[PDB]
Every structure is written in C-alpha cells, then in structure tokens.
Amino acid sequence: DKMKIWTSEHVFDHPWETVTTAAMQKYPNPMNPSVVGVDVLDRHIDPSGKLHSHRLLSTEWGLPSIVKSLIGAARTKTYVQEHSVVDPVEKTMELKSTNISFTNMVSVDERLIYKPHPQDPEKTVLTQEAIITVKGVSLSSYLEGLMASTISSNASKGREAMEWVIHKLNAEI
C-alpha cells in the first residue's frame, strides 16, 4: 500500500526559527496568487507542548476566459485541509496536507518537515513527500487498469464482429 510518486530534500539559508515563523504567515504571497483564502480552523498546544495547527486553504484555479460564465454554474475554488505540528524544543515543524475538494475521486497528500541543518543550525532543511492515490490504488495501477477495462472491452466487440461476419459468411453457402 505505498507509492511515493515523489520525494525531495532542500535547504534554506535561514534559521529554523525564522523559516517556521515565515511558514506560519506564508499566505498570501505573490508566488502563490492562486491561494485566495487561508483560515486557521483550530490550534492547540498539546500535553507534550507541541503546537498543533489545522488550516484550511481555498484555491482558485487560473482559467480566466470563461470564469464569469463558469462560476455562475459552479464554484471555481478548490479546498485543501492542512495539519501542522511545531515542537519548539526539538525544533521540528511537520505539515500534512490533503485536498478536500475531490478526495472521493482522488487524493494527493503532501508531507513536509523542517528541522535545522545538522551541520549548520543557521540553515534549515526541508524534506518533502507526496502520495497520489487515484482510488486508494496507485496512479499507475489505476491508469493501467483502465487499459485492461477498455482494451478487453473493445477486444470483446471484435469477437462479436467476427461471429456476425462468420454467421453471414456461413449463411452464404
């Protein structure tokens, strides 16, 4: 049940304190103008001292040609739910986020962790994953599975064709 369609490690030239502070107030910004509404639904410091943040993000896809016509028919905004945990002693910031908008159909899930750089506390390390789950089945499995579906289906039509042709053919003489 595992298939991490991606995974990545990167480094910021900034101390975790400031990377984390900045991550809390990330939106809105010029590099992500599609993020139009961010709200903190709940926030708790837990028994162990870990700050928990649950945030909701609203995103408007950039298809500005028929948008006026389109939004009357249906909403143009996608929503992703987010869960972050800050440990201020061990200096880690986790962040697990799913889209809520089309999760019945598909479910992209991204996990991120910010800890200081083992070699230089001034730098910050960001490791990153992502799982696409098309139907709880990997993207690859699902996409191939479709090919089974229709390939064999069309195959099954061709065999009717043959029988019909043969029937006409057998009928000739």
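A residue's number is simply how far along the shown sequence it sits, counting from 1.
- Just going by the entry, 128 to 136 versus 40 to 48 on mean CA temperature factor gives the higher value to 128 to 136.
- For the segment pair 22 to 30 and 60 to 68, the entry gives 60 to 68 the higher mean B-factor, averaged over Cα atoms.
- Looking only at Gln81, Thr92, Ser84, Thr103, the residue with the top Cα B factor in the deposited structure is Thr103.
- In the deposited entry, the Cα temperature factor of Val11 places it in the lowest third of its chain's modelled residues.
- When all modelled residues of the chain are sorted by CA temperature factor, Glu144 is found within the highest third.
- For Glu110, the recorded CA temperature factor ranks within the middle third of the chain's modelled residues.
- Ranked against the other modelled residues of its chain, the C-alpha B-factor of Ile151 as given in the entry falls in the highest third.
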